[PDB]
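Read in order, the letters of the sequence shown correspond to residues 4 to 327 in the UniProt record's numbering.
Quick reminder that beta carbons are idealized off the backbone N, C-alpha and C, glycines included.
Read the structure below first, then the notes.
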Amino acid sequence: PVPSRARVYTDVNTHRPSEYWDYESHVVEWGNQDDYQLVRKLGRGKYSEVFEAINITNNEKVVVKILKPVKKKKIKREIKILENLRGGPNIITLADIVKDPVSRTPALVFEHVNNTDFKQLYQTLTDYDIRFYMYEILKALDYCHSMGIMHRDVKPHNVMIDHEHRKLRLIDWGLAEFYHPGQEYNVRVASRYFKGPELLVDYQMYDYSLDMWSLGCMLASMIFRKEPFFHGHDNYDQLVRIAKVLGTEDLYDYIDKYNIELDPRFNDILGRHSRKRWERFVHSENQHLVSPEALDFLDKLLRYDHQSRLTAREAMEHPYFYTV
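Below you can see the structure in the form of structure tokens.
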């Protein structure tokens, strides 16, 4: 395959000391979980259990994410990344790293965020509300990309919103990675619906632009009230669903530009597809959330070619955000 590199923040990690990006060498200081009393189970994920808790030293609510220790290298990466971005705009704040004395199970303590429901938000969401929260996500992404980090798991479940206080937090940095120009990354990242074309065609030299594809997917489902926007039933099918909107012509131009070898499982499913106009997704139920600005912005995010996508910085300067 043809080599590729990020158009922005290309060398931010190269010009920094080894300690900042070498998570494998980072020394984690595990505090005593006795400072926290668990109140209630909030949810359960693939490799984590999340609890509402009280810090007994200051009577303050916190969120405790007890990790299923399946890979130490991955726990180290998430901790180093959270420490690096600690305090960043709309980045969830890691408050502590603790281990229960008896279990010794790794646990991450975060600031408390009281998330307003996604299905509830969906109906009370205004055109302004979308632009505002999209801009809030861009602040988090422009910041973490400037810090030489790609989230690699941008999706609605990883975006916590406290609608009453108009507060937004980008969470779950468990799939996040440091960007190094020329590095080949694992493509088994992100949630199926939000996976960029680069991941689905096994193009390993990807960058921050991956997060911009995922953000485009979220915007499309929000303005068109179609959740998810690209509804794949598997990873191969996921690429077919994108070709159904973007067309097969631009996909083969993308594979030819980067000399990508297509997996033989794409042989009998890809077919032939025309490019669809963004206007055809507009209906009576969603027209109050759509505008020419929203459609122009979306078109500039959802592109096969990762290099042709808007960066977080360019996206913040789009006319769609003049009102925020």
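Return yes when the Cβ of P322 is within less than 8 Å of the Cβ of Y257, no when it is not. For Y257 and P322, no; Cβs fall outside 8 Å.
With three or more C-beta pairs closer than 8 Å as the rule, is the region 22-39 touching the region 82-96? With a cut-off of 8 Å on Cβ pairs, the region 82-96 is in contact with the region 22-39, counting three or more such pairs.
Buried/exposed call for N16, threshold 16 Cβ in 10 Å: Its Cβ being crowded by 16 or more others within 10 Å, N16 is buried.
To the nearest angstrom, how far is it from the Cα of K49 to the Cα of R10? Going by the C-alpha atoms only, they are around 34 Å apart.
I'd like the ranges of any alpha helix (DSSP H) spanning at least 4 consecutive residues and lying wholly in the region 224-285. Taken in chain order, the unbroken stretches of alpha helix (DSSP H) that lie wholly in the region 224-285 and span 4 residues or more are 238-249, 251-260.
Kindly list the residues whose CB is nearer than 6 Å to the CB of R80, restricted to its own chain and excluding five residues on each side of it in sequence; keep chain order. Closer than 6 Å at the Cβ level, and outside the excluded window around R80, lie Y26.
If you follow the beta strand (DSSP E) that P109 is part of, which residue opens it and which one closes it? Residues 109-114.
Helix, strand or coil for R80 per DSSP? Note: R80 maps to helix in three-state DSSP.
Within 10 Å of its beta-carbon, does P109 have 16 or more other beta-carbons around it, so buried, or fewer, so exposed? A residue is called buried when at least 16 other Cβ atoms come within 10 angstroms of its Cβ; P109 meets this threshold and is buried.
Roughly how many angstroms separate the alpha carbons of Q241 and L41, rounded to a whole number? Spanning the two alpha carbons is a distance of roughly 39 Å.
Nearest CA to the CA of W176: which residue from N161, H168, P184? For the residues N161, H168, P184, the minimum Cα distance to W176 belongs to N161.
Go to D37, then tell me how far its beta strand (DSSP E) extends in each direction, as first and last residue. Where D37 is concerned, there is no enclosing beta strand (DSSP E), given that its DSSP letter is neither H nor E.
Should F121 go down as buried or exposed, given a rule of 16 or more other Cβ atoms within 10 Å for buried? The residue in question, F121, is exposed, as its Cβ has fewer than 16 Cβ neighbours within 10 Å.
Determine the extent of the beta strand (DSSP E) in which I133 is found, giving its start and end residues. Taken as a continuous stretch (DSSP letters only), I133 belongs to no beta strand (DSSP E), being part of the alpha helix (DSSP H) at 130-149.
Give the single residue among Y261, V190, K83, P104 whose Cα lies nearest to the Cα of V31. The residue with the shortest Cα to Cα distance from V31 is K83.
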